[PDB]
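These notes are about the structure you will find just below.
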Amino acid sequence: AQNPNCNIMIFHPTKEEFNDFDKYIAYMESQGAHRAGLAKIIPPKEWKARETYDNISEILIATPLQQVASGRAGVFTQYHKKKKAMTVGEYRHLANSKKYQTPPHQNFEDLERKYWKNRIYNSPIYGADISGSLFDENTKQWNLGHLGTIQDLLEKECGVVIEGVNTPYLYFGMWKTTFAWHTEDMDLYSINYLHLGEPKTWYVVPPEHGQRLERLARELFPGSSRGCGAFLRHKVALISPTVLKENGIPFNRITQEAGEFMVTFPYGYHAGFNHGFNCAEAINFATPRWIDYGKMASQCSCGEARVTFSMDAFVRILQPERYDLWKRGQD
Ligand SMILES: O=C(O)CNC(=O)C(=O)O
Ligand SMILES: [Mg+2]
Ligand code: NI
Ligand SMILES: [Zn+2]
């Protein structure tokens, strides 16, 4: 078995290997990459996502989210308070302000220590889930707006034709902006490209050990667990590396820099934070190996997680028993 310790693998495809997306994903899995739940892909040196970022300040963040924490430094939840709209230019200037900017630090490790010590005491503002793309239409390789769609994958593998579309989303971050512990909707893959700015630190639990993280989360967030049998789908809970180590949960960490892709694999729980002002683009995708994970994916039916139009069909086809109850939650 390849990669039996479930380490995060880093890939360096040549320009030739960067032509066929599906094939390269299947290659990385042949080497065991998926066992970690997360992989990094460094593009060939010839490749670029677009020519410059010189003209992005006019993108609108219609509903910036202030991420307010509650709890203790290593075990907390966050709620998102909606703020008034602002442009990317306005947000970048806010991120760089004295109140929100990255503090002085020695290296990524010192900054990681400062994040876990001090996150809860601040409320950074995140522009998340903004439909759109920053890839130039002429970028033909690994263009996250030109991938094969999940609906077409399900049709190719299973024969069934379904409604729905699959488009990318932009994320504008600042120091301390935080992504809570989660897997993807329907335990899909994700791919995330860091277009510009400061790094993103990731934490991930191997898919084969995901239920260990779930059991710890039920112990650490006991009222949330009583409320919903899949409350990590709410994307609100944080648990630090120190707390994971104290509780024996297997995990790995890695820092993504501008110009790099990350892939998350089905049922790979992940969380993380941004180091400073940045912009990322991400989208879900599927392969043949995902289908079985999609059939088994948990679902939030308490009504909090409230998700896309396209998830309907996935539930209806892959989880017809749950259909009914999940759509009671979704209405
Ligand atoms: O970059 C972010 O804030 C969060 N992204 C993801 O969880 C992802 O790509 O799967
Ligand atoms: Mg613009
Ligand atoms: Ni994710
Ligand atoms: Zn729920």
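Convention: chains lettered A, B, ... in structure tokens order; per-chain residue numbering from 1; ligands numbered from 1 as shown.
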
For the interface of chain A with ligand 2 (cut-off 6 Å, counting only C-alpha atoms and all ligand atoms), please tabulate each contacting residue of chain A alongside its nearest pair of atoms and their separation in Å to one decimal, rows sorted by chain and increasing number, as JSON lines.
{"residue": "A:55", "atom": "CA", "partner": "ligand 2", "partner_atom_place_in_ligand_line": "1 (Mg)", "distance": 4.8}
{"residue": "A:56", "atom": "CA", "partner": "ligand 2", "partner_atom_place_in_ligand_line": "1 (Mg)", "distance": 3.6}
{"residue": "A:57", "atom": "CA", "partner": "ligand 2", "partner_atom_place_in_ligand_line": "1 (Mg)", "distance": 4.4}
{"residue": "A:58", "atom": "CA", "partner": "ligand 2", "partner_atom_place_in_ligand_line": "1 (Mg)", "distance": 3.2}
{"residue": "A:59", "atom": "CA", "partner": "ligand 2", "partner_atom_place_in_ligand_line": "1 (Mg)", "distance": 4.7}

Original post:
Do you know which residues are within 10 Å of ligand 4 using only C-alpha atoms and all ligand atoms? Can you write them as a VMD selection string?
Top reply: chain A and resid 224 to 235 299 to 306 329

**OP:** Excluding residue 266 of chain A and residues on its chain fewer than 2 positions from it, collect all residues at most 6 Å away from it, counting only C-alpha atoms, and give them as a list in words.
**Re:**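 Within the cut-off, the hits are residues 187, 188, 189 and 268 of chain A.
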
Kindly export the residues of the current selection with N, CA, C and O atoms, as a CSV table (one decimal), in the first residue's frame.
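Produced file result.csv, reproduced below:
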chain,number,residue,atom,x,y,z
A,187,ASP,N,-19.1,14.8,0.5
A,187,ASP,CA,-17.7,14.3,0.6
A,187,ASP,C,-17.0,14.3,-0.8
A,187,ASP,O,-16.2,13.4,-1.1
A,188,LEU,N,-17.2,15.3,-1.5
A,188,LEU,CA,-16.5,15.6,-2.8
A,188,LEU,C,-15.0,15.9,-2.7
A,188,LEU,O,-14.6,16.1,-1.5
A,189,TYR,N,-14.3,15.9,-3.8
A,189,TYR,CA,-13.0,16.5,-3.7
A,189,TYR,C,-13.1,18.0,-3.8
A,189,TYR,O,-14.2,18.6,-4.2
A,268,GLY,N,-11.8,13.8,3.5
A,268,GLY,CA,-10.6,14.4,4.2
A,268,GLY,C,-11.0,15.6,5.0
A,268,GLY,O,-11.1,16.7,4.4

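For the residues A:199, A:71, A:104, A:223, ranking by smallest atom-to-atom distance to ligand 1 using only C-alpha atoms and all ligand atoms places A:199 first.
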
**OP:** Give as a count of residues only the residues surrounding ligand 1 up to a distance of 9 Å, considering only C-alpha atoms and all ligand atoms.
**Re:** 37

Original post:
With only C-alpha atoms as the atoms that count, which of A:108, A:290, A:251, A:91 lies nearest to residue 201 of chain A?
Top reply: A:108

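Nearest residue to residue 205 of chain A, choosing from A:1, A:26, A:134, A:8 and counting only C-alpha atoms: A:8.
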
Subject >> Nearest to ligand 3 by atom-to-atom distance, counting only C-alpha atoms and all ligand atoms, from A:204, A:161, A:120, A:111 >> reply: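 Of A:204, A:161, A:120, A:111, the one nearest ligand 3 is A:204, counting only C-alpha atoms and all ligand atoms.
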
Original post:
What residues in segment 59-213 of chain A get the DSSP label strand (DSSP E or B)? Please answer as number ranges by chain.
Top reply: A: 60-61, 65-72, 75-82, 86-87, 125-131, 169-173, 178-182, 189-197, 200-205

For the residues in that selection, give me N, CA and C atoms as a short mmCIF file (atom, residue, chain, number, x, y, z; two decimals), in the first residue's frame.
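Once everything was written out, this is again_24.cif:
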data_model
loop_
_atom_site.label_atom_id
_atom_site.label_comp_id
_atom_site.auth_asym_id
_atom_site.auth_seq_id
_atom_site.Cartn_x
_atom_site.Cartn_y
_atom_site.Cartn_z
N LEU A 60 -16.57 42.95 -6.17
CA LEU A 60 -17.37 43.26 -5.01
C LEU A 60 -17.43 42.05 -4.09
N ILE A 61 -17.24 42.29 -2.78
CA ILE A 61 -17.56 41.38 -1.75
C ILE A 61 -18.92 41.82 -1.16
N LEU A 65 -17.87 38.69 5.90
CA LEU A 65 -18.30 37.99 7.11
C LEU A 65 -17.30 38.26 8.20
N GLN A 66 -17.75 38.75 9.35
CA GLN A 66 -16.89 38.98 10.55
C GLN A 66 -16.97 37.68 11.34
N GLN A 67 -15.85 37.03 11.57
CA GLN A 67 -15.83 35.74 12.18
C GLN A 67 -15.56 35.87 13.65
N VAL A 68 -16.64 35.82 14.43
CA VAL A 68 -16.64 36.04 15.89
C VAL A 68 -16.47 34.74 16.64
N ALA A 69 -15.48 34.59 17.50
CA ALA A 69 -15.21 33.31 18.18
C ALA A 69 -15.78 33.24 19.58
N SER A 70 -16.05 32.02 20.02
CA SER A 70 -16.52 31.76 21.42
C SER A 70 -15.88 30.49 21.86
N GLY A 71 -15.42 30.42 23.10
CA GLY A 71 -14.86 29.22 23.65
C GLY A 71 -13.50 29.46 24.24
N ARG A 72 -12.59 28.53 24.12
CA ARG A 72 -11.22 28.64 24.59
C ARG A 72 -10.29 28.56 23.39
N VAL A 75 -10.26 25.26 21.50
CA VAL A 75 -11.57 24.64 21.19
C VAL A 75 -12.55 25.73 21.16
N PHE A 76 -12.98 26.14 19.98
CA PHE A 76 -13.87 27.30 19.85
C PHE A 76 -14.83 27.09 18.69
N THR A 77 -15.91 27.85 18.72
CA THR A 77 -16.75 27.98 17.53
C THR A 77 -16.71 29.37 17.02
N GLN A 78 -17.11 29.54 15.74
CA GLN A 78 -17.18 30.87 15.16
C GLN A 78 -18.51 31.11 14.54
N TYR A 79 -19.02 32.33 14.69
CA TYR A 79 -20.23 32.68 13.94
C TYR A 79 -19.95 33.79 13.00
N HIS A 80 -20.65 33.90 11.93
CA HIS A 80 -20.36 34.81 10.91
C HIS A 80 -21.35 35.90 11.02
N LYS A 81 -20.92 37.10 11.34
CA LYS A 81 -21.75 38.29 11.30
C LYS A 81 -21.65 39.00 9.99
N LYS A 82 -22.77 39.20 9.26
CA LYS A 82 -22.74 39.88 7.96
C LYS A 82 -22.41 41.36 8.08
N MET A 86 -18.25 45.64 0.41
CA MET A 86 -17.09 46.39 0.09
C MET A 86 -16.32 45.86 -1.13
N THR A 87 -15.60 46.67 -1.82
CA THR A 87 -14.80 46.19 -2.96
C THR A 87 -13.57 45.40 -2.47
N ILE A 125 -12.32 39.65 9.18
CA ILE A 125 -13.40 39.75 8.20
C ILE A 125 -12.95 39.00 6.97
N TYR A 126 -13.84 38.06 6.51
CA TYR A 126 -13.57 37.08 5.41
C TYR A 126 -14.54 37.38 4.21
N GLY A 127 -14.08 37.47 2.95
CA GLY A 127 -14.96 37.45 1.81
C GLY A 127 -14.95 36.11 1.23
N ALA A 128 -15.95 35.37 1.53
CA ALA A 128 -16.14 33.94 1.14
C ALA A 128 -17.21 33.60 0.21
N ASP A 129 -17.01 32.55 -0.53
CA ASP A 129 -18.01 31.96 -1.33
C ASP A 129 -18.59 32.95 -2.35
N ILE A 130 -17.69 33.63 -3.05
CA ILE A 130 -18.07 34.63 -4.03
C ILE A 130 -18.06 33.95 -5.38
N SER A 131 -19.17 33.72 -6.10
CA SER A 131 -19.10 33.04 -7.38
C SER A 131 -18.29 33.85 -8.34
N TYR A 169 -15.58 29.41 -6.83
CA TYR A 169 -15.79 30.41 -5.87
C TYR A 169 -14.47 31.06 -5.45
N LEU A 170 -14.52 32.36 -5.27
CA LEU A 170 -13.41 33.18 -4.76
C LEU A 170 -13.52 33.42 -3.26
N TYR A 171 -12.35 33.50 -2.65
CA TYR A 171 -12.18 33.75 -1.22
C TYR A 171 -11.18 34.80 -1.03
N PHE A 172 -11.52 35.90 -0.34
CA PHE A 172 -10.59 36.98 -0.01
C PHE A 172 -10.39 36.90 1.50
N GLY A 173 -9.12 36.71 1.94
CA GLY A 173 -8.78 36.48 3.35
C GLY A 173 -7.86 37.57 3.87
N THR A 178 -10.40 32.21 9.10
CA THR A 178 -10.43 30.83 9.55
C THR A 178 -11.43 29.99 8.81
N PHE A 179 -11.01 28.78 8.38
CA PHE A 179 -11.93 27.78 7.83
C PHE A 179 -12.01 26.64 8.88
N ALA A 180 -13.25 26.38 9.33
CA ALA A 180 -13.55 25.41 10.31
C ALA A 180 -13.40 23.98 9.82
N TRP A 181 -13.31 23.06 10.77
CA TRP A 181 -13.20 21.64 10.41
C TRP A 181 -14.38 21.11 9.60
N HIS A 182 -14.10 20.58 8.41
CA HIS A 182 -15.19 20.08 7.54
C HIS A 182 -14.64 19.15 6.51
N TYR A 189 -14.32 15.88 -3.75
CA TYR A 189 -12.98 16.49 -3.71
C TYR A 189 -13.14 17.99 -3.75
N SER A 190 -12.09 18.74 -3.32
CA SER A 190 -11.97 20.14 -3.70
C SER A 190 -10.61 20.42 -4.27
N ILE A 191 -10.51 21.47 -5.07
CA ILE A 191 -9.22 21.97 -5.51
C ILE A 191 -9.20 23.46 -5.23
N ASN A 192 -8.10 23.98 -4.74
CA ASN A 192 -7.97 25.34 -4.28
C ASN A 192 -6.69 25.91 -4.81
N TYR A 193 -6.75 27.00 -5.55
CA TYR A 193 -5.60 27.70 -6.05
C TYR A 193 -5.44 29.03 -5.31
N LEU A 194 -4.25 29.28 -4.74
CA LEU A 194 -3.94 30.53 -4.11
C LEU A 194 -3.41 31.51 -5.13
N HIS A 195 -4.26 32.40 -5.59
CA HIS A 195 -3.92 33.31 -6.71
C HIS A 195 -2.86 34.32 -6.27
N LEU A 196 -2.98 34.89 -5.09
CA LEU A 196 -2.08 35.98 -4.73
C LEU A 196 -2.07 36.11 -3.26
N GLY A 197 -1.09 36.82 -2.76
CA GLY A 197 -1.00 37.30 -1.41
C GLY A 197 -0.32 36.34 -0.49
N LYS A 200 -1.67 30.33 3.30
CA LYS A 200 -2.79 29.65 3.97
C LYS A 200 -2.22 28.40 4.60
N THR A 201 -2.40 28.24 5.91
CA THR A 201 -2.00 27.01 6.61
C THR A 201 -3.21 26.08 6.68
N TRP A 202 -3.01 24.85 6.39
CA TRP A 202 -3.99 23.77 6.36
C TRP A 202 -3.69 22.73 7.38
N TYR A 203 -4.71 22.15 7.99
CA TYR A 203 -4.65 20.97 8.81
C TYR A 203 -5.59 19.92 8.21
N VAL A 204 -5.25 18.65 8.27
CA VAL A 204 -6.09 17.63 7.63
C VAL A 204 -6.00 16.32 8.37
N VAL A 205 -7.11 15.61 8.46
CA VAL A 205 -7.17 14.24 9.02
C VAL A 205 -7.33 13.25 7.90
#

Original post:
Expressed in Å to a single decimal, how great is the separation between atom CA of residue 150 of chain A and atom CA of residue 48 of chain A?
Top reply: 25.1 Å

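Going from atom CA of residue 248 of chain A to atom CA of residue 209 of chain A covers 11.0 Å.
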
Subject >> Pick from A:165, A:38, A:28, A:237, whichever lies nearest to ligand 3 using only C-alpha atoms and all ligand atoms >> reply: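 Among the listed residues, the smallest separation from ligand 3 belongs to A:38.
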
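Of the residues under consideration (A:314, A:18, A:326, A:265), A:265 shows the shortest atom-to-atom contact distance to ligand 3 when counting only C-alpha atoms and all ligand atoms.
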
Original post:
Taking the backbone alone, and naming residues the way the document does, which bits of segment 27-105 of chain A are alpha helix (DSSP H) by DSSP, as a VMD selection string?
Top reply: chain A and resid 27 to 30 88 to 95

Dump N, CA, C and O atoms for the selected residues as an mmCIF file, in the first residue's frame?
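Now in selection_32.cif:
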data_model
loop_
_atom_site.group_PDB
_atom_site.id
_atom_site.type_symbol
_atom_site.label_atom_id
_atom_site.label_comp_id
_atom_site.auth_asym_id
_atom_site.auth_seq_id
_atom_site.Cartn_x
_atom_site.Cartn_y
_atom_site.Cartn_z
ATOM 1 N N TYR A 27 -2.995 9.598 -11.236
ATOM 2 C CA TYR A 27 -1.567 9.367 -10.910
ATOM 3 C C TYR A 27 -1.264 9.628 -9.420
ATOM 4 O O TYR A 27 -0.589 8.818 -8.728
ATOM 5 N N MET A 28 -1.692 10.797 -8.898
ATOM 6 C CA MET A 28 -1.400 11.100 -7.525
ATOM 7 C C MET A 28 -2.001 10.051 -6.615
ATOM 8 O O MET A 28 -1.303 9.629 -5.659
ATOM 9 N N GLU A 29 -3.204 9.541 -6.884
ATOM 10 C CA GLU A 29 -3.788 8.521 -6.071
ATOM 11 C C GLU A 29 -3.010 7.172 -6.196
ATOM 12 O O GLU A 29 -2.925 6.418 -5.226
ATOM 13 N N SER A 30 -2.499 6.899 -7.403
ATOM 14 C CA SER A 30 -1.634 5.707 -7.573
ATOM 15 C C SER A 30 -0.445 5.765 -6.622
ATOM 16 O O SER A 30 0.088 4.675 -6.293
ATOM 17 N N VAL A 88 -12.910 44.683 -3.333
ATOM 18 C CA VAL A 88 -11.642 44.033 -3.014
ATOM 19 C C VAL A 88 -10.641 45.115 -2.638
ATOM 20 O O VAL A 88 -9.839 44.873 -1.706
ATOM 21 N N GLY A 89 -10.674 46.247 -3.290
ATOM 22 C CA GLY A 89 -9.679 47.362 -2.938
ATOM 23 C C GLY A 89 -9.942 47.807 -1.535
ATOM 24 O O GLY A 89 -8.914 48.010 -0.768
ATOM 25 N N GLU A 90 -11.169 48.006 -1.139
ATOM 26 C CA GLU A 90 -11.500 48.415 0.171
ATOM 27 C C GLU A 90 -11.080 47.320 1.177
ATOM 28 O O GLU A 90 -10.533 47.616 2.299
ATOM 29 N N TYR A 91 -11.390 46.065 0.889
ATOM 30 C CA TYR A 91 -11.025 44.957 1.768
ATOM 31 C C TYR A 91 -9.526 44.837 1.924
ATOM 32 O O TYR A 91 -9.056 44.549 3.063
ATOM 33 N N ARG A 92 -8.757 44.931 0.872
ATOM 34 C CA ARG A 92 -7.320 44.873 0.983
ATOM 35 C C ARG A 92 -6.766 45.985 1.910
ATOM 36 O O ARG A 92 -5.910 45.759 2.776
ATOM 37 N N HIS A 93 -7.309 47.178 1.771
ATOM 38 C CA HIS A 93 -6.845 48.266 2.627
ATOM 39 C C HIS A 93 -7.241 47.948 4.087
ATOM 40 O O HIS A 93 -6.433 48.199 5.042
ATOM 41 N N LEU A 94 -8.395 47.362 4.372
ATOM 42 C CA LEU A 94 -8.797 46.995 5.702
ATOM 43 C C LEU A 94 -7.865 45.911 6.238
ATOM 44 O O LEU A 94 -7.421 45.967 7.412
ATOM 45 N N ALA A 95 -7.555 44.907 5.441
ATOM 46 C CA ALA A 95 -6.665 43.814 5.863
ATOM 47 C C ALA A 95 -5.265 44.343 6.306
ATOM 48 O O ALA A 95 -4.623 43.781 7.183
#

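The space separating atom CA of residue 330 of chain A from atom CA of residue 154 of chain A comes to 22.2 Å.
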
Subject >> Who sits within 8 Å of residue 84 of chain A, only C-alpha atoms, same chain under 3 positions skipped, as a list in words >> reply: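 Contacts, in chain order: residues 62, 63 and 64 of chain A.
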